[PDB]
Amino acid sequence: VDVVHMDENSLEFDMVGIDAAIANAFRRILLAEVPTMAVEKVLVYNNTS
Amino acid sequence: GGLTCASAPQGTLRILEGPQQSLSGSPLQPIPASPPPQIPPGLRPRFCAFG
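If you read the sequences in order, they're chains A and B. The numbers in the first sequence follow full-length UniProt numbering, run straight up by one, and end at 99. The numbers in the second sequence follow full-length UniProt numbering, run straight up by one, and end at 153.
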């Protein structure tokens with residue numbers, strides 16, 4: 051694994067010597083399976099906007 | 103002493119007022135034709151690959 055850039059909010063490692071199935075598994079995990087926190091419910095007391 | 107029919111007229115004149123034609127110049131349009139859409143100069147790529 052070689053790491054070309056790593057600003058904050060960016061990474062560009064290489065990952066030399068792995069198949070397309072494992073690379074695709076890693077890509078699909080980041081997009082759809084790594085957990086995050088986000089607003090689910092909203093209680094609106096007044097809203098004259 | 104009355105009015106009597108006189109000799110028949112020998113001719114008729116019909117008058118009308120008419121102006122004339124100018125030269126044919128045929129100036130079709132201020133900015134004429136359909137001017138073509140075209141390239142902005144230089145432009146430059148606005149995108150790069152990663153790595």
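Even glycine gets a Cβ: it sits at the ideal position worked out from N, Cα and C.
- Excluding sequence positions up to five before and after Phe-63/A, its CB lies within less than 8 angstroms of the CB of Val-51, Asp-52, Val-53, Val-54, all in the same chain and listed in chain order.
- If you draw a straight line from the Cα of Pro-121/B to the Cα of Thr-114/B, it is about 22 angstroms long.
- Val-89/A and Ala-135/B have their C-alpha atoms some 58 angstroms from each other.
- If you draw a straight line from the Cα of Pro-138/B to the Cα of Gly-144/B, it comes to about 18 angstroms.
- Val-53/A has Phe-63/A as its beta-bridge partners, per DSSP.
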